[PDB]
Every structure is written in C-alpha cells, then in structure tokens.
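**Q** Sequence, then structure. It's an experimental one.
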Amino acid sequence: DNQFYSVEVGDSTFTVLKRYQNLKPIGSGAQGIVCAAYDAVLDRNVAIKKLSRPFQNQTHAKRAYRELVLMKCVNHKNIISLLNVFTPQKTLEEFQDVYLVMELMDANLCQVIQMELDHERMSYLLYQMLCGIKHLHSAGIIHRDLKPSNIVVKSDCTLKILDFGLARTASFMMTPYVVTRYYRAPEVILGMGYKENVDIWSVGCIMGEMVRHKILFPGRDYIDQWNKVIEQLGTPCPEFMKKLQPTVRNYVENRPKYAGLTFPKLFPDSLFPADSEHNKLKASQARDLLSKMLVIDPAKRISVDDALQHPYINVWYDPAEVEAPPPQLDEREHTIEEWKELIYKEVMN
Ligand SMILES: CC(C)NC(=O)N[C@H]1CC[C@H](Nc2ncc3ccc(=O)n(C(C)C)c3n2)CC1
C-alpha cells in the first residue's frame, strides 16, 4: 500500500522508498545525515543524504535549492550526480524533508590524504580535481570552498566533487558546527573578489597536504590563517596590495613582514618518493606545480588550463574527458514559505 518505510539511523529518522534497503549511517555533514543503502531496483549500493526542513532559514534554503538544481543539470564524471530525489510527504503543506540519492563512494579525500601516496595516484586525483573544477568554471560556477571533506573517492582512485561552493552573495547559523576555512584562497580570506584560479589555491593546499600530511594554513580565524600564509610564503609584493581595499590594505601592510621559505624548504626531498630516476623527476615536477599553485597573488598564480597542461598532470590527458557541452540564474532573498515552495517544486520535477 505505502511505497515508503521508515527506520532509525544514529539519531535521525530516515523515511525512504522501499527500493532502498539495509540503511547504515556513513556520515553527517552540515546540510544533513548520510546513509549507505542497497537499491534493489538498480541492484547497486547508493548514498542517501537527508535534508531536514531545508527551507527553515535563508542559509539552508539557498544552499539546498542551489544544490538540488545544479546537481540535476550539471553532468561530469568528476562531479557527484543525482540518482534520485524524493520526499515522503504528499503535499506542499506537509512537506518537510528532502532525500538525495547519489553514487556510493569509498572514502573522503581527508582519509586518502593521510596515506602515503605514489605519484601515479597523486597526479591522477589532481587531474580529476582540475577536470571537475574546469567543468564547473565552464558552466559559470566558481567554487571558492573546495576542500578535502567535500571530495570523495573510490578504491579505483575515481574522484568526485560533492558540492558547488560559496553562494554569490553570502550569512548566519545556529547549529553548532565549525566551518573549515583552511583551503580558502587569499582573495577569499581578504575579500578581494576573484576569478577562476581562486580554486587553484585550494588544490594547492590539498596537494601540499598530501605531501606534508599537515594542514598548510591552519588558524582559529582568518587572522591566524593569514599569518600562517605570509610566514610560509612570505609577504606579498606591492603590486598585489595595490588591489586591496583601503582598510584591508592597511591591516595587511601593517602585519610583521616575512621573507618566505623557498619551496624546497617547504616541501623537502625527504617528503617524496625519490629512490628511482622516475620518482626523482616526478618529485621535481610535483614541487614545480606546487610553487605555481600556492602563490598569494592570483595575478601570478597558475590557471586551471595551464595546470592541466603541466607535465606532472598531462600524462592523463584525453579527448572527451577534459571537455563536454556545458550550459536559469537564481540568487535572491525569500521568506521561509517562498523557499519551501521553490524547493518542493524542484523535488517534484
Ligand atoms: C571507516 C572509515 C574508513 N571511514 C569511512 O569509511 N568513511 C566514509 C565511508 C562512506 C563514504 N561514501 C560516501 N559516498 C557518497 C557520499 C555522498 C554525499 C556525502 O555527503 N557523503 C559523505 C558521507 C562524505 C558521501 N559519502 C565516505 C566516507
């Protein structure tokens, strides 16, 4: 009679379509709780994300609505896809929860980062990130909050990006949960405005952490984080600071100066496989790319296209893998009730 059933998972109550069986909790991010399950209809395992009352406030609503729309229309093998979307509630008045069904992946990038990685897999994950990023930039999407906890991978080293980044407005929250800021670009830290290669900084932070196994630029707030950045990379040039607004210019130019470590000192030979000649050269190529991704001034930072052409990365290069036909706009303020309906009717395609 009923085409849904409910079960308790960790805390939440998952009411899902009967095709999905044997639910098990596998995570809990900010926007929801996530279960693995078996899809009897597709005969495969899937991940199911539960959004509770996404329309409950502006922040949630914008994110949920955006997530749902973009993930539906954006298609690329390094961006996570929607398999199915549903709500167990029958009417707009009763509507509460949204369920996103996605491919089931094996791990976080955070998990992978902790592992000793060879050059083949390091360059391959990085290639896949750059292709994902590339696609998003083509579709008019610039992420600005790429981070290893929002990137998932499979045992076969397949990689997918989970989310579509910052809102082109941006906020407030009540839920107690800390937002991870360490992978954000200087231009996001300092409020400069940005271009596509804002996301390259993040990839540089991930790459560098894969090597060093520590977060490059930690800190309680953007104040500490900025310090960590200038300590390691040195203070930027005045051509860069001619692009800062008056108040942040003053703040930055009045921080204690630093000369900056060279990249061999930042990522020394010790941290790389360097036993064979193959590995010796790949280490050299690795550090080169790093030095071009982790530069404070975006004017001097490498682009996505030039990163994909870099020797460390272009060994994977292929035809329909770097490009495919890419495509409406929305970014405006609404009340709860208005968001509720926008999202309900996105769910009911
Ligand atoms: C036990 C130890 C090795 N840790 C894990 O196994 N962790 C998780 C296992 C499940 C993984 N799979 C996965 N697949 C798809 C999604 C889709 C959206 C989403 O938000 N998540 C989060 C749980 C990361 C997904 N996780 C993620 C890491």
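**A** Received it, and whenever you're ready, just let me know what you need. Residues are numbered from 1 along each chain as shown.
**Q** chain center to the longest helix seen in the chain, what's the gap?
**A** Identified as the longest helix of the chain according to DSSP state H is helix 119-138. Taking CA atoms, centre = their mean, to the nearest Å, one finds helix 119-138 lying 12 Å from the centre of the chain it belongs to.
**Q** And for stretch 51-66?
**A** On CA atoms, centre = their mean, the centre of stretch 51-66 falls 18 Å from that of its chain.
**Q** residue contacts, residue 315?
**A** Contact analysis of residue 315 by CB atoms under 8 Å, 6 or more residues apart in numbering lists residue 123. For the C-beta atoms, the positions are set from N, CA and C on the backbone; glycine is no exception.
**Q** Any figure for the gap between it and residue 135?
**A** The spacing between residue 315 and residue 135, counted by CB to CB, to the nearest Å, is 20 Å.
**Q** try residue 337
**A** If you measure residue 337 against residue 135 using CB to CB, the figure is 35 Å.
**Q** out of the two, which sits in the more crowded spot?
**A** Each of residue 337 and residue 135 has its neighbours counted (other CB atoms under 10 Å); residue 135 has more, 21 against 10.
**Q** Toward the C-terminus from the longest helix of the chain, list the very next helix or strand.
**A** strand 151-153 (DSSP states H and E).
**Q** check contacts around the residue nearest to residue 175 when sequence neighbours are not counted.
**A** Leaving aside its sequence neighbours, residue 175 sits nearest to residue 30 (CB to CB, 6 or more residues apart in numbering; 7.4 Å). Residue 30 makes contact with 175, 177, 179, according to CB under 8 Å, 6+ apart.
**Q** in which helix or strand would I find the closest residue to the last one other than its chain neighbours?
**A** Translated: residue 179. Leaving aside its chain neighbours, residue 179 sits nearest to residue 30 (7.9 Å; criterion: CB to CB, 6+ apart). Under the criterion DSSP H and E, no helix or strand holds residue 30.
**Q** quick one, domains of this protein?
**A** Domain assignment for the chain by curated CATH domains gives 4-106, 107-329.
**Q** Distance to residue 342 for the ones you listed - can I get that in CSV?
**A** Converted to CSV, these look like this (distance: least, CB to CB, whole Å):
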stretch, distance to residue 342
domain 4-106, 6
domain 107-329, 14
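**Q** Out of the ones you listed, which gets nearest to the ligand?
**A** Among these, the nearest to the ligand by CB to the nearest ligand atom is domain 4-106 (2.7 Å).
**Q** how distant is the closest one from the center of its chain?
**A** On CA atoms, centre = their mean, the centre of domain 4-106 falls 18 Å from the chain's centre.
**Q** quick one: residue 130 and residue 60, what's the gap?
**A** In terms of CB to CB, residue 130 sits 30 Å off from residue 60.
**Q** Could you dump the domains of the chain into JSON lines and include distance to the ligand?
**A** Shown next, in JSON lines, are these (distance: least, CB to the nearest ligand atom, whole Å):
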{"stretch": "domain 4-106", "distance to the ligand": "3"}
{"stretch": "domain 107-329", "distance to the ligand": "5"}
